[PDB]
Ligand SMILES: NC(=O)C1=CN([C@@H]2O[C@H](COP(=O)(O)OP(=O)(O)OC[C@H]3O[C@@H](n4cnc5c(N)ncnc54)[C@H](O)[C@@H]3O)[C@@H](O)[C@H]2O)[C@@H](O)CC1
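In structure tokens, one chain follows: the form solved without this ligand.
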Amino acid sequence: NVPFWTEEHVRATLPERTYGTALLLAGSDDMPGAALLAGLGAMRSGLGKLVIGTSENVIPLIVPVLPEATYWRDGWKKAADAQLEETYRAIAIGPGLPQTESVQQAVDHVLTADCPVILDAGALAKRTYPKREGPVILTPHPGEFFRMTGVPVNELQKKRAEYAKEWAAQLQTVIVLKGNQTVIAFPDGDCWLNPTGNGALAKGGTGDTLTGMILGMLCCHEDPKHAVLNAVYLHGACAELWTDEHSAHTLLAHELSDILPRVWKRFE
């Protein structure tokens, strides 16, 4: 069946430490937290610089915790009106964003850039993608996969790998289908199962940190496929480290980012 992306694979593909500038389009007035979670995840993951295109009111909520980030005021809204005039190593859009047509407009404009693009949360919708050199990485939860494909959650959960591989090929996008054993399906037919992680991840916010982690690693890995696989793996590994001395019921998403420094070290 589908092979696991093992510690062996992680150790052989992680980069040895410019590291690129990433753009994170995330966070809105009622879902501001996602921008901080994704921002922390991204900056913890090897990038050189991070520009956060978030709503004006969200900026002040990020600064005290992540003073290393800089901003593109109302970036995700502005992205809906015109193509980006700045060059980025990788872009992520969706965490904390509403499921609206305006967000989809921003997605269309972002896709014209020459770099890997991650779509998550609010940026995930039933649609098709334009031919481009950079990979498009979708990170849906089962419910969002249903929104994207029409495949019922109850049906999807019975054949996760098959459906993920099926749609990654049909859409020609990378698909990180989250769950107990996250499936990573690539457009070229490659597919893997993530072996790390536990129920501590089944709580709001962990997906936002993952999106940030993928964004950051896309900036330090020469191979985007390895960046995605290693991000999903390390994200789960942080949750496993947490449960050694803490109850899986008590993890807060932002703590995965606090743990990554030591976990990553182990794989070097």
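One-based numbering along the sequence shown.
Quick note: we don't show the form deposited with this ligand bound, though the next part is all about it.
- Listed stretches are 111-119, 95-103, 125-133, 166-174; the contact stretch with this ligand in the entry with it bound is 95-103, by a heavy atom cutoff of 4.5 Å.
- Residue contact with this ligand in the entry with it bound: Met213 places no heavy atom within 4.5 Å of it.
- Shown alone here, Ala227 lies farther than 4.5 Å from this ligand in the entry with it bound, counting heavy atoms only.
- Of the heavy atoms in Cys238, none are within 4.5 Å of this ligand in the entry with it bound.
- Proximity of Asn57 to this ligand in the entry with it bound: non-hydrogen atoms within 4.5 Å are absent; the residue sits far from the partner.
- Residues are counted as partner-facing when one of their heavy atoms sits within 4.5 Å of this ligand in the entry with it bound; in 147-173 these are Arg147, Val153, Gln157, in sequence order.
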